[PDB]
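Working notes, beginning with the structure itself.
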Amino acid sequence: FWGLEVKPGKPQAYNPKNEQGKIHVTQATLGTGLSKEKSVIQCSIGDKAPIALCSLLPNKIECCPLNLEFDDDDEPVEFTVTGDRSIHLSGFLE
Amino acid sequence: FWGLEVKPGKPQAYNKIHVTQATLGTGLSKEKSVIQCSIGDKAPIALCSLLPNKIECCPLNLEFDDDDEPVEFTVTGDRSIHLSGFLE
Amino acid sequence: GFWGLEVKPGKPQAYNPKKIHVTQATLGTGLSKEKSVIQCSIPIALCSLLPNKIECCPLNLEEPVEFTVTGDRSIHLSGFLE
Amino acid sequence: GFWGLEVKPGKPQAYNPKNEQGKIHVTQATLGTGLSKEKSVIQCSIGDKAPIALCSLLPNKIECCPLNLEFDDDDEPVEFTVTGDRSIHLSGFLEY
Amino acid sequence: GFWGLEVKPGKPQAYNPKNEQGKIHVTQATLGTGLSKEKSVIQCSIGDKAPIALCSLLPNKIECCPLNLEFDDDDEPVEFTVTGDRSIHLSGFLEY
């Protein structure tokens, strides 16, 4: 089992080399709070333009299935969350 | 086939298992039901969030291993969450 | 290798000796605005469909079955075999 | 190996998997253009058998849904039937 | 092996899978920034073939959706076309 809480108020580096296998990210879940603003999580692989991975809507869509693979070769990964609420990534190691 | 009803309130201990769905249990509560997972001593991670009368099930893709470690499922709200999937 | 199974509401339903991948529940025909839940046993909930909101959902599922559906509408299971 | 098929509403539409060079993985249904707010259901009947609903799309609520279906040679004639006034775009890939 | 592509609206956008070191698994579409409430549809054409809708995102209702598509050296120029005023972010992974 694998999980990471990405906080909103600062872009967050993640290093897949710290995991003993390939990371399967299979879900994003909205963290606690009262904010009704959309929460978007973006991903940049070293210094490339960020790509939006999903978009959660408080009281409508508070989780969504993903199917992403991060390995050693994804040098530094940078996760950025828009909005006032954390996004919980979950999945498993291969 | 594999399935587990996680009851709300008191954290539920568990321990290859493919978890592929969460479904909202019976009850009248309109409050969100969130299921979290905490490994051993680690901070719990939210696995999904179900909304009565809007989203009452969601697809998952989780793997828990043969070794069987210390996993704790915690459900927020007044309603059980039915995990389903299979074993290979 | 298509596969389909309309579970009607009311009394449950058996299964065929020979592997089945169920990958979708779809809400059957009807006017009922009631929640339709489908369940399995070996009695666990597989999914929950809401008329005029969520009328299908993706599944990933693989000795006695018995399917039972809650609600006024049937649920169409679909997928394939391996 | 991208694969896609637009199923038009009304008259049932026959599909022959023998025309594809591999097994067909259908993974998405997407609602076609149109102003109709009526639900769009796509059904599948293989042999002469009874049709099975594959999904149900709701204009301005749920206009696509993930699928995981496999069609091969053995699915003799497949008949797709769409309810409503809007086409359904099936997409996926071929397995060689 | 993370993979991502922002498809901009309006002018169709050519994509070449031969430029990637393995097979492309597209597994999500996410709605780009913007204030437009209009539907965003992404379509795909492989060479000369009529475009097929891959999904349909609804601002403030459905702003991402799971996909399961495979692009290989084939298709050559998979032309992606986005309806609406907002980019669509495709994400997924490479299979080596």
Side-chain angles (χ1 to χ4, degrees), chain A residues 57 60-61 64-65, chain B residues 54-59, chain C residues 4 6 23-33 36 47-59 73-79, chain D residues 4-10 12-13 15 26-45 51-69 79-92, chain E residues 28-29 31 38-44 51-69 83-84 88:
Chain A
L57 303 165
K60 300 173 205 173
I61 308 291
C64 63
Chain B
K54 300 159 159 200
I55 307 291
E56 297 216 359
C57 66
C58 63
Chain C
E6 173 169 20
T23 68
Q24 196 81 204
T26 295
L27 194 47
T29 199
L31 297 169
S32 171
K33 302 190 180 102
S36 284
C47 65
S48 192
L49 301 185
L50 306 162
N52 302 135
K53 301 182 184 185
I54 311 281
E55 291 203 8
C56 61
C57 68
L59 294 170
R73 288 159 75 171
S74 73
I75 286 175
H76 298 242
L77 301 179
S78 52
Chain D
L5 178 73
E6 191 177 346
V7 188
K8 298 297 181 47
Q13 209 187 284
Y15 180 68
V26 185
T27 309
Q28 195 81 196
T30 303
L31 198 55
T33 69
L35 290 315
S36 177
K37 291 143 64 69
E38 304 184 334
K39 64 180 244 216
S40 273
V41 178
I42 181 164
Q43 288 154 78
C44 174
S45 65
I52 300 289
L54 299 186
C55 64
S56 190
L57 299 182
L58 303 166
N60 301 127
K61 300 171 177 183
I62 308 290
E63 294 213 356
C64 65
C65 63
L67 299 171
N68 188 13
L69 300 176
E79 199 176 71
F80 291 125
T81 302
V82 170
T83 73
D85 304 311
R86 290 169 74 167
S87 78
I88 291 191
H89 289 84
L90 303 175
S91 57
Chain E
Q28 195 81 196
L31 197 55
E38 306 181 339
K39 294 187 244 247
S40 273
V41 176
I42 181 162
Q43 289 170 283
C44 174
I52 299 290
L54 298 186
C55 63
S56 191
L57 299 182
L58 305 162
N60 300 126
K61 301 172 175 180
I62 310 290
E63 294 208 351
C64 65
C65 63
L67 299 171
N68 186 16
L69 299 173
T83 286
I88 290 192

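Throughout, protein chains are lettered first and strands after them, A, B, ... in sequence-line order, and every chain is numbered starting at 1. Side chains included, hydrogens not; waters and symmetry mates left out as well; all remaining heavy atoms used.
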Taking E:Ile88 as the fixed residue, which of E:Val41, E:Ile42, E:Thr83 is the one that meets the side chain to side chain contact (heavy atoms under 4.5 Å, CB included) rule? E:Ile42
Grab the two heavy atoms, one from E:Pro51 and one from E:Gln43, that are nearest each other, plus how far apart they are. CB-NE2, 3.6 Å
Could I get the full list of side-chain contact (heavy atoms from CB on, under 4.5 Å) partners for D:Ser91, not counting sequence neighbours? D:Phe2, D:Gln28, E:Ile52, E:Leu54, E:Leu69
Could you go step by step and tell me if D:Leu31 and E:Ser56 meet the side chain to side chain contact (heavy atoms under 4.5 Å, CB included) rule? CA-CA 7 Å; D:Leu31 198 55; E:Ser56 191; 5.8 Å; no
State the NE2-OG1 distance between C:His76 and C:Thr26, to the nearest 0.5 angstrom. 8.0 Å
Are the side chains of D:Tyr15 and D:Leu90 in touch, meaning some heavy atoms are under 4.5 Å apart? no
Mind listing the closest non-hydrogen atom pair of D:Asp85 and D:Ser36 along with its distance? OD2-OG, 3.2 Å
Spatial distance of atom NZ (D:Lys61) from atom NZ (E:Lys61) [nearest 0.5 Å]: 8.0 Å
Is the backbone N or O of C:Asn52 less than 3.5 Å from a side-chain atom of C:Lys33, with the two atoms forming a donor-acceptor pair by type? no
Taking salt bridge (charged side-chain N to carboxylate O under 4.0 Å, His left out) as the definition, give me every residue that meets it alongside E:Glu63, ordered by chain and number, with sequence neighbours left out. A:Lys38
Do you know which two heavy atoms are closest between D:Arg86 and D:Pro59, and how far apart they sit? NH1-CB, 3.6 Å
Taking every non-hydrogen atom, the tightest pair across D:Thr81 and D:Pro12: OG1-CB, 3.6 Å
Write down the atom of C:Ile54, the atom of D:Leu58, and the distance for their closest heavy-atom approach. N-CD1, 4.1 Å
Could you report the tightest heavy-atom contact between D:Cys65 and D:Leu57, atom names first, then the distance? SG-CD2, 3.8 Å
Which residues satisfy the side-chain hydrogen bond (donor to acceptor under 3.5 Å, both in side chains) test with C:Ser74, sequence neighbours excluded? C:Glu6
